[PDB]
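Chains as they are written, first to last, in UniProt numbering: chain A, 3 to 95; chain B, 5 to 54; chain C, 2 to 229. Note that beta-carbon positions come from the ideal geometry of N, C-alpha and C, so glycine has one too. Here is the structure we will look at.
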RNA sequence: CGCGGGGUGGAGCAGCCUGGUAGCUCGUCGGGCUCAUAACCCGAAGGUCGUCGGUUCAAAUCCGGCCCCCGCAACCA
RNA sequence: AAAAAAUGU
RNA sequence: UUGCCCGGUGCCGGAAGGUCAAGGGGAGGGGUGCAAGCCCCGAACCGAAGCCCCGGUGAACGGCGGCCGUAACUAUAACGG
RNA sequence: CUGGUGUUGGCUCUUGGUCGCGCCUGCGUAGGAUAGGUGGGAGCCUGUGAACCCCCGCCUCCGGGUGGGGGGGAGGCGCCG
RNA sequence: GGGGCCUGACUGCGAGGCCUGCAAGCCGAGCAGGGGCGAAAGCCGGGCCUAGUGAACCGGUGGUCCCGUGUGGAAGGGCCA
């Protein structure tokens with residue numbers, strides 16, 4: 003759905019089907035036999051973490067993974083101990 | 005046409021062209037012959053393929 | 002053991018992991034040329050061109066700078082008045098019309114054998130289905146077919162030798178003895194590598210000299226430098 | 001288009017990397033063994049080895065190059 | 001442990 | 001009670017090879033720069049399923065013709081080709 | 001359906017196709033034996049050790065071939081046949 | 001019908017008309033350039049002639065005075081075949 007750290011979501015995108023010689027190659031150019039509506043997805047994965055004594059997971063996009071780890075880092079030097087797992091999340095920046 | 009074939013000519017000292025035809029089979033092969041050239045003029049001519 | 006006690010100290014001096022030149026290979030084969038007869042140079046050069054394809058059919062001639070130091074009995078069919086210009090050009094036998102009748106029934110090898118461009122309608126069947134092993138047969142390429150024949154003789158009798166290529170693009174051609182000094186084994190190895198990268202087949206691929214080695218009589222190479 | 005692969009008796013198929021024989025059958029013809037027939041059993045007619053160019057001492061064969069088939073993947077102003 | 005091995009106006 | 005045929009097709013198996021995308025890979029070429037360079041193409045080969053091929057399968061889709069020759073005053077032909 | 005990657009990290013074992021190089025390898029039958037081609041070619045190898053035993057290293061179309069070591073004592077091999 | 005030399009089966013054009021809806025289809029003196037046969041007048045812009053073929057739109061090769069995105073060049077176009 004929605005990558006929580008980066009925010010990247012699903013943007014409309016296309017499916018270009020085309021048969022014929024690449025102009026620069028053989029010649030005559032390349033025709034299109036179709037185009038269609040698809041949907042692109044963020045390579046989100048799942049990741050848990052300590053932080054307080056409560057395991058809180060995150061729906062982060064792939065390449066934004068060692069990021070949360072950077073959050074759990076600065077996270078420490080902070081007013082943490084409130085057993086609100088709920089609250090534990092959004093808090094972090 | 006088929007065996008006949010589409011022939012082009014050269015200015016045996018450069019480029020130039022004329023264009024007529026062979027007949028691979030029947031007494032043929034190797035095509036050199038005089039013809040007057042545009043790029044200056046007074047030579048003979050080769051064969052090739054394009 | 003595996004070779005001449007005379008042969009061995011010829012290698013422990015030529016490291017194969019050291020790039021010698023036409024200097025340290027004209028320097029050190031005066032230390033590898035160990036013996037009691039005068040040895041020449043065995044400068045090969047297996048080319049990179051292909052062999053079976055005619056689009057890379059190597060074949061030239063090299064006029065060495067200071068010579069083999071090794072004579073060469075070169076004759077000539079010669080035809081006409083050049084019957085007399087191949088004997089005032091350095092040669093033993095020249096022009097007699099047909100001496101393909103005395104040279105028929107046993108031979109102990111002289112050296113060079115040539116014939117002019119007009120008697121090449123009757124020069125490939127007599128002793129040309131005979132002298133070809135030691136490829137001495139007359140042809141319009143290797144420097145053995147022209148009316149000026151005596152001039153093809155006066156230069157081969159000066160330090161010239163004949164080159165081309167065998168059943169595997171393997172190239173050999175003599176610089177000269179092991180008797181020629183510092184500038185004398187290098188003045189004839191390089192000048193000779195000036196008629197190979199120049200006769201280089203246009204449809205061949207990669208460096209035309211796959212590996213160059215300067216070796217004396219029966220013995221140890223000096224993996225030389227192709228540029229220096 | 002390209003990588004392959006393939007054509008040799010009247011049809012069938014080996015000889016295809018090895019060079020050196022043109023064969024293995026079906027089928028017609030003779031001739032063998034029995035007491036005769038059958039059935040097995042032999043020797044032959046017959047193929048530019050598709051074509052032409054070629055290196056060899058010599059080619060179906062290795063080289064060439066194209067006509068021609070069939071597989072695929074691709075090309076179609 | 002005589003492979004199979006037909007008939008005969 | 002449910003026969004004959006797995007050639008094609010589907011399907012299940014299977015591989016010695018054919019072919020085949022991305023990608024890897026870098027031989028060699030080229031565009032420029034006074035050059036370091038930056039760029040483009042990019043030959044060998046390695047690269048899946050797939051289809052070709054190999055076996056199997058009918059209570060899988062389907063199919064299950066013919067036309068000579070053979071017996072007695074013809075016909076017919078279990079018979080064989 | 002599947003191949004490349006992302007998520008994706010530890011531990012050995014094993015094989016490639018490569019290519020770096022030291023430089024080591026090859027037998028149908030007829031044969032005395034394991035003859036890759038075509039030239040050189042009547043003589044090299046030994047006192048910087050031969051015939052034969054021995055060991056292990058490598059290869060095997062398991063007969064047989066190759067090199068180092070270590071013994072010894074002065075013998076080996078090749079045209080020709 | 002046969003024989004000798006040769007290549008005009010030219011390029012650069014084309015007054016002038018046949019037909020005709022377009023557009024295409026067809027004839028061509030003569031000039032210039034440089035040739036061929038020819039003693040020469042001369043003849044030759046393929047074949048005794050009417051069928052032997054298919055607009056453009058995209059594109060491949062050659063050629064080249066041309067355009068070349070700030071500037072020099074390339075990428076890619078134009079045009080002649």
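According to the DSSP assignment, residue 39(B) belongs to the beta strand (DSSP E) that extends over 37–39. The residues 57, 59, 170, 202, 205, 209, in chain order, have a CB closer than 7 Å to that of residue 50(C) in the same chain once the five nearest residues on each side in sequence are set aside. Considering only 183(C), 25(C), 97(C), the residue with the shortest C-alpha distance to residue 214(C) is 25(C).
Per DSSP, reduced to three states, the secondary structure at residue 193(C) is helical. When DSSP states are grouped into helix, strand and coil, residue 214(C) belongs to the strand group. Scanning 127(C), 135(C), 187(C) for the CA closest to the CA of residue 111(C) turns up 135(C). Considering only 43(A), 38(A), 40(A), 20(A), the residue with the shortest C-alpha distance to residue 32(A) is 20(A). At the C-beta level, residue 164(C) and residue 62(C) come within 9 Å of one another. In the three-state scheme derived from DSSP, where H, G and I count as helix and E and B as strand, residue 177(C) is classed as coil. The Cβ atoms of residue 78(C) and residue 44(C) do not sit closer than 9 Å to each other.
Restricted to the segment 38–81 of chain A, the alpha helix (DSSP H) segments that are unbroken, complete and at least 4 residues in length are 67–77, listed in chain order. In the DSSP assignment, residue 113(C) is bridged to 75(C). Beta-bridge partners of residue 25(B) (DSSP): 10(B). In the structure shown, residue 162(C) falls within a strand segment according to DSSP collapsed to helix, strand and coil. Residues of the same chain with a CB within less than 7 Å of the CB of residue 129(C), apart from the 5 flanking positions on each side, are 138, 139 in chain order. In this chain, the alpha helix (DSSP H) harbouring residue 27(C) covers 25–28.
For residue 91(A), the enclosing alpha helix (DSSP H) has its first and last residue at 87–93. By the CB criterion at 9 Å, residue 8(A) and residue 49(A) fall outside the cutoff. Beta-carbon to beta-carbon, residue 35(C) and residue 65(C) are separated by about 24 Å, too far to satisfy the 8 Å threshold. Taking the Cβ atoms as the reference, residue 87(C) lies roughly 5 Å from residue 150(C), within the contact range of under 8 Å.
Contact annotation, residue 33(C) with residue 223(C): C-beta distance approximately 7 Å; criterion of less than 8 Å satisfied. When DSSP reads this structure, residue 171(C) sits in a beta bridge with 167(C). DSSP places residue 223(C) in no beta strand (DSSP E); its state is neither H nor E. Beta-bridge partners assigned by DSSP to residue 48(C): 210(C).
For residue 102(C), the three-state secondary structure derived from DSSP is coil. Contact annotation: the segment 22–31 of chain B does not touch the segment 84–92 of chain A, with fewer than three C-beta pairs closer than 8 Å. Straight across, the Cα-Cα distance linking residue 216(C) with residue 74(C) is about 24 Å. The beta-carbon separation of residue 82(A) and residue 54(A), rounded to 5 Å, stays under the 8 Å limit for a contact.
With a 10 Å radius around the Cβ and a threshold of 16 neighbouring Cβ atoms, residue 14(A) comes out exposed. For residue 151(C), the enclosing alpha helix (DSSP H) covers residues 151–154.
Remark: C-beta atoms of residue 11(B) and residue 25(B) approach each other more closely than 9 Å. Cβ-Cβ separation between residue 41(C) and residue 179(C): approximately 7 Å, consistent with a contact (criterion under 8 Å). Within the same chain, and ignoring the five residues on either side of residue 198(C) in sequence, the residues whose Cβ sits closer than 8 Å to its Cβ are 209, 210. Around the Cβ of residue 167(C), a 10 Å sphere holds fewer than 16 other Cβ atoms; the residue is exposed.
CA-CA distance, residue 155(C) to residue 101(C), rounds to 23 Å. For residue 21(C), the number of other beta carbons within 10 angstroms of its own is at least 16, and it is reported as buried.
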